[PDB]
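Just one chain follows, in the form deposited in one PDB entry, and it is written as structure tokens.
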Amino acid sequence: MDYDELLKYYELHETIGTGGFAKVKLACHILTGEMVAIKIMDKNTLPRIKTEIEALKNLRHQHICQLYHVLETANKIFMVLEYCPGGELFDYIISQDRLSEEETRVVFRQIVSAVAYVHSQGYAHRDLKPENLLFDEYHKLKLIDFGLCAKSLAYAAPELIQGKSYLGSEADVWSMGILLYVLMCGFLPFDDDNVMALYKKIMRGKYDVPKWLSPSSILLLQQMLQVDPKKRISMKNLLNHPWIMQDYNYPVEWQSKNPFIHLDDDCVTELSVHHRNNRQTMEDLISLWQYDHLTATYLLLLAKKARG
């Protein structure tokens, strides 16, 4: 009976192809009709799951794939998440071969927005890579997989691989430098079929600079891809970096537009018809954010309203 509780709230669709600790099944939320993605972990096949749940309960942002609902049985943990049908950024880059500087900037400012917010909340992602960024129905990016977060070798900073002490924020800035390179080049700056030769290339920090990269793109890459973590650009300076500001003229908006405090009156009203609470009781219950079916219903109604 591992799916009994889940089936009270969701109608299951197909399992999508994945690789790792979890299966991902598509589904729709019965009450709202909204599509969701459900990450399913078999308990006896645990810390990584608990770290991701704790982080996502505390993080809420326009560029972070939203946690709606956590369910647990003796054999499984279910995480109901924001539906991102546009696929991985990794597959998008390959489909385009490489992105122009302009399209890279569109995508990269969204990554900076999410990561700056994560650091502002006291976390470091630690596994930034294009497989961990999914496009939603509005072609906007959503950061996933917070299982390795703190309070993949090709993207790992030299100090992280070496098992040396490090600051999660500096490791994230390095990984963002690798991401920036892959967006504009369509291939990794450090790559090798042999793990030891890749390890050597990362520690050396030397990479090819293709002819299509602009001088400003090259300079930003130099500021992020510094082997010495103390020489890496800070997240604060990345927000208004000249390359980042080119064609925008305003720093990256990293602050969350998705609140914990403010509730949407229309969604509280819609939700209330399914319950037997007075309005104050209903708002107080939603404000507890237990990530139960109530949390899921409220956030999915907010997603439904946002579509217009």
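Numbers follow the displayed sequence, beginning with 1. For clarity, a rigid core is taken as the largest C-alpha set superposing within 1.5 Å between two forms.
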Third-or-more of other entries without residue 135: no
Say whether residue 20, which has coordinates in the shown structure, is without coordinates in a third or more of the other compared entries. yes
Check the entry and tell me how many residues of the deposited sequence have no coordinates between residue 151 and residue 152: none, 1 to 3, 4 to 9, or 10 or more. 10 or more
When you step from residue 45 to residue 46 in this entry, do you jump over none, 1 to 3, 4 to 9, or 10 or more residues of the deposited sequence that have no coordinates? 4 to 9
Comparing average C-alpha B factors as deposited, tell me which of 206-214 and 115-123 sits higher. 206-214
Higher-B stretch (mean Cα B-factor, as the entry records it), 272-280 or 256-264: 272-280
Tell me, please, which of 201, 98, 142, 236 has the highest C-alpha B factor according to the deposited entry? 236
Name the one of 226, 175, 162, 132 with the greatest CA B-factor according to the PDB entry. 162
Going by what the PDB entry lists, where does residue 31 fall on CA B-factor within its chain: lowest, middle or highest third? highest
Of the three thirds of Cα B-factor ranks in this chain, residue 50 occupies the highest
Which third of the chain holds residue 109 when residues are ordered by C-alpha B factor: lowest, middle or highest? lowest
Pull the Cα B-factor of residue 245 out of the PDB entry and bin it into the chain's lowest, middle or highest third. middle
Rank-wise, by C-alpha B-factor, drop residue 193 into the lowest, middle or highest third of its chain. highest
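What comes next is about the form deposited in another entry, which is not displayed.
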Quick check: residue 283 between the shown form and the other one - does its CA shift reach 2 Å or more after fitting the rigid core? yes
